[PDB]
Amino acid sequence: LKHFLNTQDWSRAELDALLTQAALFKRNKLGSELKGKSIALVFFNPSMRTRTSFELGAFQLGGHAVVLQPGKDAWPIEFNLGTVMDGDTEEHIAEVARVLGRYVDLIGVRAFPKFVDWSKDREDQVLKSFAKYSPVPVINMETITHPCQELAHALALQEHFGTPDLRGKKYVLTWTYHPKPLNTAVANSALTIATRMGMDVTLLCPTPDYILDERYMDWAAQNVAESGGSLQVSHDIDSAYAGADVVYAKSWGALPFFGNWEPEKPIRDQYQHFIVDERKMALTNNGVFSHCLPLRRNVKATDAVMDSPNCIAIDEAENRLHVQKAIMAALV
C-alpha cells in the first residue's frame, strides 16, 4: 500500500507527476477522480486552512471529507503496544484505523509533537501507527514534517520563476522570531524539498542549537548529492541573504531545549532581529519571500515585506488545495 507520509519516500518522477497533476487541477478544478470516495480528516490538533482545503478538494472531485477531532470528540487513543489499558486511553489505534478503513478510502492525520521530549516526538508515532494499521492510504496533514506544504511551496516557486527547473537558484531557509518555541516540521520540510529540487540551500539560524534534526540534515545532504545543489548552515544574516533568489522564513524551538523551554526564552529573545525586513530582502537578487502561515506581522516579517509584490505566501497558500487534490487522486 502506498501512503503520502513524506516526499522523501517518493521518487523524483512521482513527485514531478504530483506537481504536474496539481497544475492540471488548478486549470480545471472540478472532476470525478474521487466520485463516491471519502477521506477521514483526523485532527489531533486543529487547522482551519487544512480542514478547508482538504474538505473542498474532496468535494470538487466528487468525494466527501469527514472531519474528526479526537481531542474533543473522544477519550484519548492508545498507541503503545502490549499495555494493560486501565488508564486514560479508551481505545487502541489498531481498532481506530481498522474501523476507519472499513468506512473511508483515505485517512489524513495531523498530530503535533508534545514538546516535552524530542526523542519521543521525532518517532512520529501517531502517523506511523495509522500507516501500520490502516488498510487504506494515509496522508500526513502535518506531524514532524509537512509534505503537503512542501508541494504547495514547490509549485508556487515553479510558477513564480516560470519553470519547473529550479536548479542553481539560491534558497535561504531562515529562522525567524516568535515569542514561543514552535514545531520544526515546516523547516524540516522546506530543507527537504528545496534540496530535492537541486537548489543551493542555506539554513540560516541564530546558533548551532537551532540546527534541525540530523535526520533532515541527512535527507538534505543526500538530496544535494543526487540533484546537484548544495547545503550550508549559516549564522550570519547578511552573507546568507546576499544574492538569494528565495527566502522562506519559519520559527522553531531549539531541539536541545525540549522539556526545558525556560532557558530557551532568553536565548530566542536575543534574536528578534532575525525578522525579515526590507533591508535584508534588499540584499537578495530581487528574491521572493514566503511563509507557511499563520504569520505574526512585524515579528516574523514586517508589513512592508508581507505586502510586497515579491511575497508569494497567498499563492503558496492557495496551492495547498491543488496539491492535496493531486495527492488524494494519486492514492485512490
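Rigid core here is just the name for the largest C-alpha set that superposes within 1.5 Å across the two forms. Residue positions are given as counts along the sequence shown, with the first one as 1.
**Student:** Aligning on the core, I want to see which stretch wanders more in 5 other deposited structures of this protein. Is it 214 to 222 or 84 to 92 by C-alpha RMS?
**Tutor:** Comparing 214 to 222 with 84 to 92, the larger C-alpha deviation in 5 other deposited structures of this protein belongs to 84 to 92.
**Student:** Taking RMS over all structures and residues, which stretch has CA atoms farther from the shown form in 5 other deposited structures of this protein, 33 to 41 or 46 to 54, after a rigid core fit?
**Tutor:** After the core superposition, the stretch with higher RMS deviation in 5 other deposited structures of this protein is 46 to 54.
**Student:** In the PDB record, does 138 to 146 or 225 to 233 carry the higher mean Cα temperature factor?
**Tutor:** According to the entry, 225 to 233 carries the higher average C-alpha B-factor.
**Student:** Of the two stretches 319 to 327 and 305 to 313, which shows the higher Cα B-factor on average in the entry?
**Tutor:** Between 305 to 313 and 319 to 327, it is 305 to 313 that shows the higher mean C-alpha B-factor.
**Student:** Which one, 105, 238, 124, 95, has the peak C-alpha temperature factor per the PDB entry?
**Tutor:** Of the options given, 238 has the highest CA B-factor in the PDB entry.
**Student:** Go through 74, 185, 157, 100 one by one and give the residue whose Cα B-factor in the PDB entry is largest.
**Tutor:** That would be 74, according to the entry.
**Student:** Comparing residue 55 with the other modelled residues of its chain, is its CA B-factor in the lowest, middle or highest third?
**Tutor:** Lowest third of the chain for residue 55's C-alpha B-factor.
**Student:** Sorting the chain's CA B-factors, does residue 267 end up in the lowest, middle or highest third?
**Tutor:** Its C-alpha B-factor, which the entry lists for residue 267, ranks in the highest third among residues of this chain.
**Student:** Considering every modelled residue of the chain and its Cα B-factor in the PDB entry, is residue 130 in the lowest, middle or highest third?
**Tutor:** Lowest third.
**Student:** Against its chain's modelled residues, does residue 242's Cα B factor rank lowest, middle or highest third?
**Tutor:** Its C-alpha B-factor, which the entry lists for residue 242, ranks in the highest third among residues of this chain.
**Student:** Please say which third, lowest, middle or highest, residue 287 falls into when its CA temperature factor is compared across its chain.
**Tutor:** Its C-alpha B-factor belongs to the highest third of this chain's values.
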